[PDB]
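Below is one structure, written out as structure tokens; the observations come after it.
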Amino acid sequence: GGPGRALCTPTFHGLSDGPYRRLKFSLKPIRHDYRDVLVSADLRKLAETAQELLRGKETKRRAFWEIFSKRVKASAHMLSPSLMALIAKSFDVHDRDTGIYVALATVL
Amino acid sequence: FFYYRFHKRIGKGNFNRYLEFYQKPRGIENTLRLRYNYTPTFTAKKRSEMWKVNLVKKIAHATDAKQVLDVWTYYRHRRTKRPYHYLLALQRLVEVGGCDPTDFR
Amino acid sequence: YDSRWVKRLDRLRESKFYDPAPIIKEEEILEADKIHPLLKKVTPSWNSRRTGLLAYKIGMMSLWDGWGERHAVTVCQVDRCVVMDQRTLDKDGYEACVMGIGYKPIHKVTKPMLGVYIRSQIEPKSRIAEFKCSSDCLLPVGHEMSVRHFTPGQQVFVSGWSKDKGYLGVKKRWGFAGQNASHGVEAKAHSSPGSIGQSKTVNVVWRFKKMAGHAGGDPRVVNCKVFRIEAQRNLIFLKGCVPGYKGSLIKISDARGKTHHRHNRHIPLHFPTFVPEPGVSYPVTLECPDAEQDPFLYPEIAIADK
Amino acid sequence: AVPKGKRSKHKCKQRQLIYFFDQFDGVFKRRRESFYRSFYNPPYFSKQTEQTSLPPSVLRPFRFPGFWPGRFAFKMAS
Amino acid sequence: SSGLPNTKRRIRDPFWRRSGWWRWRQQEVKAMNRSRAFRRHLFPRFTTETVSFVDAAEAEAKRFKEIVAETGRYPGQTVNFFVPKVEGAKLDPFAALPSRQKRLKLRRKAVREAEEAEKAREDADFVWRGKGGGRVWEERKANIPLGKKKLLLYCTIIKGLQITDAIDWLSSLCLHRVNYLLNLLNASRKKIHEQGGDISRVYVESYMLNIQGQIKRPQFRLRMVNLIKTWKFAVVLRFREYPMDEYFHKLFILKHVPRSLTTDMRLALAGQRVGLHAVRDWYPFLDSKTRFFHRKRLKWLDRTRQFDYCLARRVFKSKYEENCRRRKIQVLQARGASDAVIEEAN
Amino acid sequence: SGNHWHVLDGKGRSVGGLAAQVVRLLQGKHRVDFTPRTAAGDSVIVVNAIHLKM
Amino acid sequence: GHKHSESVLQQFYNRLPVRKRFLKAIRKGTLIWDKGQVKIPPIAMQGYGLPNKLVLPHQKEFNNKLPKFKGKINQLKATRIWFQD
RNA sequence: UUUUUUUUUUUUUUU
RNA sequence: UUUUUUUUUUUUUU
RNA sequence: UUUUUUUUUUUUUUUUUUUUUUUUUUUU
RNA sequence: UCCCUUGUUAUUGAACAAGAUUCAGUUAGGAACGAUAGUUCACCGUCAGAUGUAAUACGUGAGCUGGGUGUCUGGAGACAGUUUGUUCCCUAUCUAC
RNA sequence: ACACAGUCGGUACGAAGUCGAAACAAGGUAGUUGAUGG
RNA sequence: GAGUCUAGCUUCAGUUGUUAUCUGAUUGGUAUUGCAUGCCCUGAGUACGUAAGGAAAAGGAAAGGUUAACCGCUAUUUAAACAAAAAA
RNA sequence: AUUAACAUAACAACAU
RNA sequence: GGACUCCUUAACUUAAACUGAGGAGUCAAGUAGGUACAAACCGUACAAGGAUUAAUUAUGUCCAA
RNA sequence: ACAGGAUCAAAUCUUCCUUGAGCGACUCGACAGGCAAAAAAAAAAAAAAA
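Residue numbers (the deposited numbering), protein chains in the order written: chain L2, 11 to 118; chain Lb, 280 to 384; chain LW, 207 to 512; chain UF, 2 to 79; chain LY, 227 to 572; chain LA, 64 to 117; chain UA, 225 to 309.
If you want it as structure tokens, here you go:
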């Protein structure tokens, strides 16, 4: 017994059921080089992609273009005079004008 | 942790005739290690453990020393920092175009 | 590290190998090679406190006085008490001075400890202590304390550890009464503690109950009087008694409270330290001033019945 | 006084290990170290047991011939 | 000192510490100890295959019993059922299967056959095994006037130690009733040596106690008659031989060398029974400081990709086998046997 | 990280009321996903405690 | 304490988290405990009416018609005054 | 003037 | 309302 | 040479003497 | 607010000294013996320690006892002493091609 | 284990991806942003 | 990661009780007292009171008593009785 | 040869 | 040859859980709920059995709830 | 740590800013010491060299 009510004692309980109620948690191997991602690309990956674009005539998707442009824009202040020429020539060959040329004019 | 002991004692002081000064105190009142007395759930564990990946992920994405420093700062409380973590940050800092050694960060 | 019977003979034979007594002078002159450049005279204030000192208990002695009354005094020696470091509010968070005393073999000192001594430019120390004082009495690092810090005829506060007596009984420790030796008394009742609690109304023994156990080894404090000092050998004679073994560490400070109010009121004392002026001599030995009235005076006390 | 109840198995179990550690730290460990010191000195020879005991010896044997370099035996003479 | 144990000793407590030994603290301490323990190993960086240990007799017993359990008959029976044991029955239903000793003998023969077959394989120098393999021996000793309390103390001491080491441990006691254990130890060592196994690689696995009975006696008192009795117990011991592979990993890597070996080595060194060349050779196993520094250098080498596990194992095994072979060759030559006899013997 | 913070100004407020309010936050009962087994609350910071009334 | 059994009224007092000074007063009667507060007991004036909170429900109608005091203690002119039980 | 009682299991009296 | 205040008082009626 | 009261000394400090525990480590 | 020590200075039939009733604290330091054994009380003699009450199962009997108006070698609570430690008994064997 | 040593209940995989996110709108380009003069 | 000394917390009883204005070159501006038995001395044969009679503010000291500490002195008990010469 | 009480050992466990 | 409570009433110190009478409920032989903590008071569409569902009752609605 | 940085720029001897409080202070990185012999009221007393 006690001062309060005994029945008025809510208890946590699941309102449904499923097979993932006892799935143990484990730490999977973590990637060692995260820079390999286009999103998180670097000066080396940028140059490799530019060389691939100049070599191949493949018609890539919009996403690639977008991401490539954005990354370059972001990292414009880290490029070298030799790498800027390659990156701009890729665009010129593929006939793409996403405002990239204006941005590089401030750092060239 | 069957039993977690924690008490707030009446420490010595002098508050009488106190003058309001717009300044921060010495330090926090609570410093004792926080030890849970219950097993965590999957989501809790995940949130606790995701730092290992998020750190690197954000370091990689960073594009300036400011960002780098900020990122590093955010995961301050994160214990058990492997050596390679330092190496990564150093490499990124050098690539970004240097940093401020004098920086508290 | 010899045998019992070798040590016992040593104890007896030691007396035959005593070096001759030194030659004590009447005057002393100090030069600039024994003075801290940073040492200066500072005027005291209302909220100013001095520092303490450390000493080793040597032994008791009996000495006369100007009136001819014999008194028992303990001899204390300051074993090269030197300041190590200081504490500041900005740095640490409290004003204090760290001092060292004693000597230790180099073949017993750890490397991290030796690192401190190298910095300090001082020989290895046996013991290290700290004192809290006011900020205006912080002595410079490397200054060597002297017996001249305390003026003869002032009250001092002495602190130290008591002796050890091992395991003792209730009757031996506290000094219980016990029971009679006769009149039909059980064997066990001779030295029994007796009642140790109340009835079922109180089912628990009160804390801090007087019971049997290991005796001795406790901190104790006492008041003392500065009777005589020696500059040559750095010796101090204290009137009264000091706890601890003949060689144990003891702390000495000034009077506190009533002791200060009643006694240490009209006694001019060098607040910071003893500051000798180059080119002037100082006494070697200082004695306590005699009293005013004749101690050997027995006046008449009337005894009238009513 | 007299016991009020019976001791459980758990308590006994605890006591066992307690006692074992107590003994090991104070008897066995000291004895082992004292035993091991005698190796340097020649074995002990008793006069009383001379009737049946083997002759005295100084040299100690090697229990691990695998790690025993140098000659093991001498060739017979002509 | 002189007839008095040191007063300033430190007695360990398994359930209490001045720094705190609570449940919560135990977890952490255990975690850290396990973590440190795990890391002490040095596994190879390249292996060709992994071969596990399995007991054919034990598998066959389970296979024999499973068919009886599921079908209710015996292997080959098509007309008859299974008859379980009944009170007063002398016939053992599982009489066709072997006993524990027979299975151990079969194991001891199979391991010998596998050891002989190993030499044929060319890639035997890059094969992993783990732990579990080795010959196993069992003995017994009954009629021991000692109780469980007394027996356990000794048993726990002797558990997980070298055969030789155990002997010393028991000898150092200077006890009377320990002689019973001593005799069992000595007999087991002699029997294993006669069986051809290497006594230098034999370790004590575990033990087992069996109650036998009691012998009560009268005891008169002022107002009662107590009953005084005596204890009777039987001790069962198990021995296992460490293969070369296992042996190497424990001494070279783990550096868990026995004490007897090191004492012998130090004795020889002190007595000048060996040259200046042996000190360095035994440096990895001479003293605790040398073992620790050696292990640290090993770890550094390993991290530097400088250390070859397989090469070290081969060198170790070759040196041990060469010393063992030279011992026998010199022993045979000591008798003055002929060249033909020596060649036929080895 | 999932750790929320609530900084309050207890200037001229009642101790009881403040305490009552704080309790709620501490307990985490204000959320839908409240579990009595665990502590579903959020960190609470209080200032100007000297200014309380009774 | 040492006493085995105690009165309920005393026990009640014993449970009051107040200073010894106020405890004594409370015990005496100079002070009362109400609504978790300590205040002076009500004052009963001669001739004037008592507070409506102390009389019985059926006595309130007659108590309300009696004279009432709307002044200070200094201005009070009662022949005799005492605490209302 | 009223809402606030023995709410005398604890906190609280936030009106 | 004023550090006036061991059982002593002033000012203002809030 | 040791022990003891039958001898001697103190009757002050309490944010003092003293101490087994450095805590931005929120899931060892 | 308990026998003495405090409330300078208004309660007093309080001149001083020595006294009587009542109230208040942050609860400070103190209070010696003997004869007769009529179960305790009025009183008696000494140092004048200076008119010296109750509760706690008679407080207290697995601590002791006495001329009447039994025994028990301490198992669990409590209290008084004491405890090296991350390691220095043993054991703790990845990943998988 | 606080428990007369019991009973009820008890953890919700992926993005830990990324050359995606386009047929809302705006956009300091952050896979950013939507309510509110007290 | 490790050695020393320490900050904070804890500690017989118990409390929250402290600083407007601001000497003009004129010797300068609160300060370690919480506490308390009896008798004696200065104040004092003074205040008071026909007379007898007989105070306080402060300090100083001799007994008795409690706690703690210690072996310089005294009392009780008690132990020890051995290696200076390199001619030894 | 033989049930229980009783005595010892091996293996099995990780959201800790 | 009965324990508590409601009304009347004998005895007692208008005392006591006493001693003894008249007539209703409960316990005895009644579960779970409320009354803080141990039969007697309130309520019950009052315990054959099972499941994760809806309701005006004593009574509650600042926190433990 | 005078270690980093700004300036038409500092007496010998840094004008000024950054280092969250230069990891509470110093110091060590082959650092540190449990057990044994011997000694041992607490405590102190041994350099290595079988």
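Beta carbons: idealized from backbone N, C-alpha and C, even for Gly.
Whole-angstrom C-beta distance between residue j and residue i, which should lie under 8 Å
i: residue 234 (chain LW); j: residue 490 (chain LW); result: 5 Å
i: residue 520 (chain LY); j: residue 509 (chain LY); result: 7 Å
i: residue 363 (chain LW); j: residue 424 (chain LW); result: The Cβ separation is near 17 Å, so there is no contact.
i: residue 446 (chain LW); j: residue 431 (chain LW); result: 7 Å
i: residue 473 (chain LW); j: residue 359 (chain LW); result: 7 Å
i: residue 79 (chain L2); j: residue 116 (chain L2); result: Their Cβ separation, rounded to whole angstroms, is 16 Å, which puts residue 79 (chain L2) and residue 116 (chain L2) out of contact at 8 Å.
i: residue 104 (chain LA); j: residue 81 (chain LA); result: The pair is not a contact, with the Cβ atoms about 16 Å apart (cut-off 8 Å).
Sub-8 Å separation of residue i and residue j beta-carbons
i: residue 191 (chain LW); j: residue 305 (chain LW); result: In the structure as shown, chain LW begins at 207 and stops at 512. Residue 191 (chain LW) is therefore absent and cannot be evaluated.
i: residue 259 (chain LW); j: residue 355 (chain LW); result: yes
i: residue 97 (chain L2); j: residue 60 (chain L2); result: yes
i: residue 357 (chain LY); j: residue 472 (chain LY); result: yes
i: residue 300 (chain LW); j: residue 331 (chain LW); result: no
i: residue 98 (chain LA); j: residue 317 (chain Lb); result: no
i: residue 362 (chain LY); j: residue 274 (chain LY); result: no
Below-8 Å beta-carbon distance, residue i vs any chain LA residue
i: residue 317 (chain Lb); result: yes
i: residue 294 (chain Lb); result: yes
i: residue 297 (chain Lb); result: yes
i: residue 245 (chain Lb); result: Because chain Lb spans 280 through 384 in this model, residue 245 (chain Lb) falls outside it and cannot be assessed.
Beta carbon proximity, residue i to chain Lb, threshold 8 Å
i: residue 249 (chain LY); result: yes
i: residue 113 (chain LA); result: yes
i: residue 54 (chain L2); result: no
i: residue 64 (chain LA); result: yes
i: residue 97 (chain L2); result: no
i: residue 65 (chain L2); result: no
Cutoff 8 Å: residue i Cβ touching any chain LY Cβ
i: residue 285 (chain Lb); result: no
Residue i, enclosing beta strand (DSSP E) - first and last residue
i: residue 53 (chain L2); result: From DSSP, residue 53 (chain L2) is part of no beta strand (DSSP E) but of the alpha helix (DSSP H) over 53 to 65.
i: residue 426 (chain LW); result: 425 to 436
Cβ of residue i within 8 Å of any chain UF Cβ
i: residue 230 (chain LY); result: no
i: residue 418 (chain LY); result: no
8 Å Cβ cutoff, residue i in contact with chain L2
i: residue 87 (chain LA); result: no
i: residue 100 (chain LA); result: yes
i: residue 364 (chain Lb); result: no
Inset, instruction - Decide yes or no for the touch test of the region 400 to 417 of chain LY against the region 355 to 369 of chain LY: beta carbon pairs closer than 8 Å, at least 3 of them. - result: Yes: the two stretches touch, three or more of their Cβ pairs being nearer than 8 Å.
Inset, instruction - May I ask you to verify whether the region 490 to 503 of chain LW touches the region 433 to 442 of chain LW, counting CB pairs closer than 8 Å and requiring at least 3? - result: The answer is yes - the region 433 to 442 of chain LW touches the region 490 to 503 of chain LW, with three or more Cβ pairs under 8 Å.
Legend entry - Touching by the beta-carbon criterion (3+ pairs, under 8 Å), the region 341 to 350 of chain LW and the region 288 to 299 of chain LW: Yes, since at least three Cβ pairs between the region 341 to 350 of chain LW and the region 288 to 299 of chain LW fall closer than 8 Å, the two stretches touch.
Legend entry - the region 70 to 79 of chain LA touching the region 107 to 117 of chain LA, judged by at least three CB pairs closer than 8 Å: The region 70 to 79 of chain LA makes contact with the region 107 to 117 of chain LA: 3 or more CB pairs, one atom from each, lie closer than 8 Å.
Inset, instruction - Pair every Cβ in the region 490 to 501 of chain LY with every Cβ in the region 48 to 66 of chain UF, then say whether three or more of these pairs are closer than 8 Å. - result: Touching, yes.
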